[PDB]
Amino acid sequence: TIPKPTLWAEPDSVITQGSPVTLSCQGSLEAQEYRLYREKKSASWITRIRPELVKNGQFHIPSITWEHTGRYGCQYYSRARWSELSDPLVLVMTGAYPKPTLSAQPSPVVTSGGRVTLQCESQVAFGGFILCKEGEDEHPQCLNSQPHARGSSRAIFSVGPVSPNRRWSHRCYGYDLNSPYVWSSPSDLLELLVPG
Ligand SMILES: [Cl-]
Ligand SMILES: [Cl-]
Numbered sequence: 024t025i026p027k028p029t030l031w032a033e034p035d036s037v038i039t040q041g042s043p044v045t046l047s048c049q050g051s052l053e054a055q056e057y058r059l060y061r062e063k064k065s066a067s068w069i070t071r072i073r074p075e076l077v078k079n080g081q082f083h084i085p086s087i088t089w090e091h092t093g094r095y096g097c098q099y100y101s102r103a104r105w106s107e108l109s110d111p112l113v114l115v116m117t118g119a120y121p122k123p124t125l126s127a128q129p130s131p132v133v134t135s136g137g138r139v140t141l142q143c144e145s146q147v148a149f150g151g152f153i154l155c156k157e158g159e160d161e162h163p164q165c166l167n168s169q170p171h172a173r174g175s176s177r178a179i180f181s182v183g184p185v186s187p188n189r190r191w192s193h194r195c196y197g198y199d200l201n202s203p204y205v206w207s208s209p210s211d212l213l214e215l216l217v218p219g
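Residue numbers 24 to 219, in the working numbering, belong to the letters of the sequence shown in order.
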């Protein structure tokens, strides 16, 4: 009967090991109190974040560690009841593993409208890879490789129709299936360019 709050992370929900992040819950203007939770990996109960650590629905993490990663949700209290939990915020830590290599075939320079193959490679196998694109006009879109039986050290993605106007800068990350919110250092940025 009371609208569920939202939950966000500042500056981002993808944060390098040791760096700070703040999670913010915001409910109705008449919220009297907030609670924050994180979902347990392989336990049916969830973790209450200690109330001494949530001030005005804010939970500040001075240096993120692997133990902070996972799904968070929050509620607030108003009109004698607690709200349902927010939509989950997934907090991710990067930099736990050496970065993979990212390359384009046939070329990082691609005619407008053409498609291209990107390859993410690693010296040691990962459970899976993700290829993320960020541009001036859109949110991060990550393609996911299909996880394989005993992990893999190479993944192949197809990207584009590339267009001139957009910016097509990609990075790729490796992760292990049993802790999927702990990622490698990102690969070097690979920018696809269109001659025109
Ligand atoms: Cl850590
Ligand atoms: Cl693949």
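The beta carbon of each residue, even a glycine, is placed where N, CA and C say it ideally should be.
Span separating the alpha-carbon of residue i from that of residue j
{"i": "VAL132", "j": "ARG189", "result": "14 Å"}
{"i": "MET116", "j": "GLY41", "result": "9 Å"}
{"i": "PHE152", "j": "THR45", "result": "27 Å"}
{"i": "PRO43", "j": "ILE84", "result": "6 Å"}
{"i": "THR39", "j": "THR92", "result": "11 Å"}
{"i": "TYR196", "j": "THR134", "result": "26 Å"}
{"i": "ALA148", "j": "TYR100", "result": "46 Å"}
heavy atom of ligand 2 below 7 Å from residue i C-beta
{"i": "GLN169", "result": "yes"}
{"i": "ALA178", "result": "yes"}
One or two residues paired with residue i in a DSSP bridge
{"i": "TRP31", "result": "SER47"}
{"i": "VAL77", "result": "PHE82"}
{"i": "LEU59", "result": "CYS97"}
{"i": "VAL37", "result": "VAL115"}
{"i": "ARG71", "result": "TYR60"}
{"i": "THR140", "result": "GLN128 and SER181"}
Any non-hydrogen atom of ligand 1 within 7 Å of residue i CB
{"i": "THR117", "result": "no"}
{"i": "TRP206", "result": "no"}
{"i": "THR39", "result": "no"}
{"i": "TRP105", "result": "no"}
{"i": "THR134", "result": "no"}
{"i": "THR88", "result": "yes"}
- [ ] Would you check if the segment 111 to 125 and the segment 206 to 215 touch, i.e. whether three or more CB-CB distances between them fall below 8 Å?
- [x] yes
Task: Meets three-Cβ-pair contact criterion under 8 Å: the segment 168 to 179 and the segment 86 to 94 - done: no
Open item on the list: Restricting to runs no shorter than 3 residues, where is the beta strand (DSSP E) found entirely within the segment 148 to 215?
Closed with: Correct list: 151 to 157, 164 to 167, 175 to 182, 191 to 199, 202 to 206 and 213 to 215.
Open item on the list: Within 8 Å, do at least three Cβ pairs link the segment 140 to 158 to the segment 112 to 119?
Closed with: no
Open item on the list: As an exercise, report each continuous beta strand (DSSP E) stretch of at least 3 residues that is fully enclosed by the segment 96 to 136, in chain order.
Closed with: You should have 112 to 117 and 124 to 128.
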